[PDB]
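Q: In the authors' numbering, the protein residues as written are 5 to 113, 122 to 172, 182 to 351.
Yeah, the Cβ is synthetic: ideal placement off N, Cα and C, and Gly gets one too.
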Amino acid sequence: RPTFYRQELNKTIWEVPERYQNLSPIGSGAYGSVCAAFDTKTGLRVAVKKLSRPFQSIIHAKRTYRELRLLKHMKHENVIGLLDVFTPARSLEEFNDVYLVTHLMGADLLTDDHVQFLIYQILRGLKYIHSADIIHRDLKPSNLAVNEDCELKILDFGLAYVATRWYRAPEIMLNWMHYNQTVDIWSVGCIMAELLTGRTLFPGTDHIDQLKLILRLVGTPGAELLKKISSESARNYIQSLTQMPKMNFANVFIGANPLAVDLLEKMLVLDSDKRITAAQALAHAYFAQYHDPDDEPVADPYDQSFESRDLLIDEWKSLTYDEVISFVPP
Ligand SMILES: Nc1c(C(=O)c2cccc(OC[C@@H](O)CO)c2)cnn1-c1ccc(F)cc1
Numbered sequence: 005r006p007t008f009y010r011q012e013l014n015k016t017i018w019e020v021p022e023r024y025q026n027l028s029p030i031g032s033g034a035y036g037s038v039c040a041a042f043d044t045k046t047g048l049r050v051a052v053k054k055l056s057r058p059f060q061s062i063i064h065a066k067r068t069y070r071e072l073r074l075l076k077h078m079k080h081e082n083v084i085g086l087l088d089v090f091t092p093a094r095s096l097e098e099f100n101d102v103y104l105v106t107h108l109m110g111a112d113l122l123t124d125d126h127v128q129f130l131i132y133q134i135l136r137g138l139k140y141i142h143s144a145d146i147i148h149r150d151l152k153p154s155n156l157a158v159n160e161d162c163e164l165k166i167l168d169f170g171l172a182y183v184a185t186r187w188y189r190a191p192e193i194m195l196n197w198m199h200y201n202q203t204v205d206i207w208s209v210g211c212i213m214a215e216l217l218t219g220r221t222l223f224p225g226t227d228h229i230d231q232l233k234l235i236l237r238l239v240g241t242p243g244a245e246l247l248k249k250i251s252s253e254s255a256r257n258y259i260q261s262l263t264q265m266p267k268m269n270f271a272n273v274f275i276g277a278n279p280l281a282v283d284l285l286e287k288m289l290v291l292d293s294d295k296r297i298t299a300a301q302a303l304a305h306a307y308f309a310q311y312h313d314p315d316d317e318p319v320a321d322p323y324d325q326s327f328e329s330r331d332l333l334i335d336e337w338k339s340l341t342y343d344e345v346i347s348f349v350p351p
């Protein structure tokens with residue numbers, strides 16, 4: 005066990021191991037605050053998220069457990085992974101704080125070769141994630157941390182402007198049909214289109230407007246898709262709206278690489294059974310310059326049985342401590 009040091013930066017208190025020096029506060033969030041930090045052991049710059057209020061409620065307790073379990077499991081070039089996890093607490097009883105340490109990236113979310129590399133990496137990262145039955149579910153430019161090699165990593169959570186709903190698959194925002202992993206692909210689509218044009222594709226001012234903007238482009242659900250809407254409420258809503266034709270995506274993404282536009286038509290379909298998977302998306306002609314199937318690996322199986330559990334603050338708290346204790350750096 006290493007020795008720690010204390011620090012107040014931005015009204016929040018920080019208790020890290022000496023091995024992490026020069027804490028620079030660089031971003032904040034709903035579930036915590038990230039500091040930049042130099043790691044004396046590896047000689048690398050790293051990020052440190054101190055989870056804010058990790059064990060305040062059953063919802064916080066579970067969430068904290070969830071975050072740790074996922075980062076511990078993520079091992080991939082395009083997905084943010086745990087370099088170190090620690091706590092100033094010397095026992096489970098005192099255990100009140102959780103710090104997560106990962107790589108320092110650079111920034112967030122240009123030429124068609126850039127879009128290609130960036131989107132390639134996101135989709136290489138969603139192939140993996142998706143392979144372990146995980147769905148990012150809130151994929152957006154600010155969970156996409158790039159450095160100057162242009163090298164991408166998917167963040168579990170971003171930093172703090183961009184509305185989440187600007188990037189949500191209709192299905193999982195209007196709760197309107199059975200959803201699958203391909204909710205992230207809708208987002209990648211929305212992200213990809215932004216990189217190409219410079220403009221948010223679906224810059225909606227709320228749920229109803231968002232749906233208006235998506236339908237402008239993609240067209241109202243036809244009889245084959247209306248068929249799969251499970252909500253009495255939403256079928257009503259859709260069918261009542263004034264009917265819109267589907268657009269030619271070349272007329273909307275003009276001068277964009279025709280292969281880029283083909284990938285877009287393939288990602289931005291309402292019918293989540295038709296939508297292109299990550300694994301499929303990589304084999305698209307658009308990525309010819311980077312696609313390599315012997316190097317788009319899948320992930321170890323991931324036990325999310327815990328998601329279906331109702332436990333007590335203290336129990337979750339204990340499982341998390343377990344995961345701190347059971348860590349091994351790479
Ligand atoms: N690794 C990162 C970053 C970054 O590296 C990052 C992201 C965007 C911008 C950014 O700025 C870097 C420079 O401005 C400061 O050196 C860093 C932001 N959050 N996280 C993160 C940390 C610990 C976790 F457990 C989970 C996620």
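Is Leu104 closer than 8 Å to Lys53 when the C-beta atoms are compared?
A: Contact: yes.
Q: Run the proximity test for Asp88: is its beta-carbon closer than 7 Å to any non-hydrogen atom belonging to ligand 1?
A: Outside the cutoff, so no.
Q: Under the three-state reduction of DSSP, which class applies to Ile30: helix, strand or coil?
A: The answer is strand: DSSP assigns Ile30 an E or B state.
Q: For the region 302 to 317 against the region 132 to 149, do three or more pairs of beta-carbon atoms, one drawn from each stretch, fall closer than 8 Å, so that the two count as touching?
A: Touching, per the Cβ criterion.
Q: Quick check on this structure: which residue in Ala320, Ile17 and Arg49 has the alpha carbon closest to the alpha carbon of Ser37?
A: When only C-alpha atoms are compared, the closest one is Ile17.
Q: From the DSSP output, read off the bridge partner residues of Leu104.
A: For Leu104, which the question treats as bridged, DSSP gives the partners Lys53 and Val89.
Q: In chain order, what residues of the same chain lie with their CB nearer than 6 Å to the CB of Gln264, ignoring the 5 residues before and after it?
A: Answer for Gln264: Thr241, listed in chain order.
Q: Between which two residues does the alpha helix (DSSP H) carrying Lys139 extend?
A: First-last of the alpha helix (DSSP H) with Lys139: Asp124 to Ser143.
Q: Is it buried or exposed for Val349, if we count other Cβ within 10 angstroms and need 16 for buried?
A: Exposed.
Q: Could you give the DSSP three-state label for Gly240: helix, strand or coil?
A: Coil, per DSSP.
Q: Should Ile30 be listed as close to ligand 1, given that the test is whether its C-beta is under 7 Å from any heavy atom?
A: Yes, the Cβ of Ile30 comes within 7 Å of a heavy atom of ligand 1.
Q: For a test of your reading of the model: does the CB of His107 fall under 7 Å from any non-hydrogen atom of ligand 1? Yes or no.
A: Under cutoff, so the answer is yes.
Q: Would you say the beta carbon of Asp227 is closer than 7 Å to some non-hydrogen atom of ligand 1?
A: Answer for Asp227: no, Cβ out of range of ligand 1.
Q: Evaluate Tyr182 with the Cβ neighbour count: other Cβ atoms within 10 Å of its Cβ, from every protein chain shown; 16 or more gives buried, anything less gives exposed.
A: The residue in question, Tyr182, is exposed, as its Cβ has fewer than 16 Cβ neighbours within 10 Å.
Q: Using only alpha-carbon positions, find the residue among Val204, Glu253, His80 and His126 that is nearest to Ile147.
A: Considering only alpha carbons, the answer is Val204.
Q: Assign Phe327 to buried or exposed, taking buried as 16 or more other Cβ atoms, counted over all protein chains shown, within 10 Å of its Cβ.
A: Looking at its Cβ environment, which holds fewer than 16 other Cβ atoms inside 10 Å, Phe327 is exposed.
Q: Can you round the beta-carbon distance between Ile166 and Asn155 to whole angstroms, since I take them to be within the 8 Å contact cut?
A: Contact holds; Cβ gap of about 6 Å.
Q: Can you give the Cα-Cα distance for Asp294 and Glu192, rounded to whole angstroms?
A: Spanning the two alpha carbons is a distance of roughly 11 Å.
Q: Inspect the CB distances between the region 275 to 289 and the region 89 to 108 and report whether three or more fall short of 8 Å.
A: Segments in contact, no.
Q: So the candidates are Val209, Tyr323 and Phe169; which of them puts its Cα closest to the Cα of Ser143?
A: Checked all of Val209, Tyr323 and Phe169; the closest Cα to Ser143 is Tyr323.
Q: Assign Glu12 to buried or exposed, taking buried as 16 or more other Cβ atoms, counted over all protein chains shown, within 10 Å of its Cβ.
A: So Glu12 counts as exposed.
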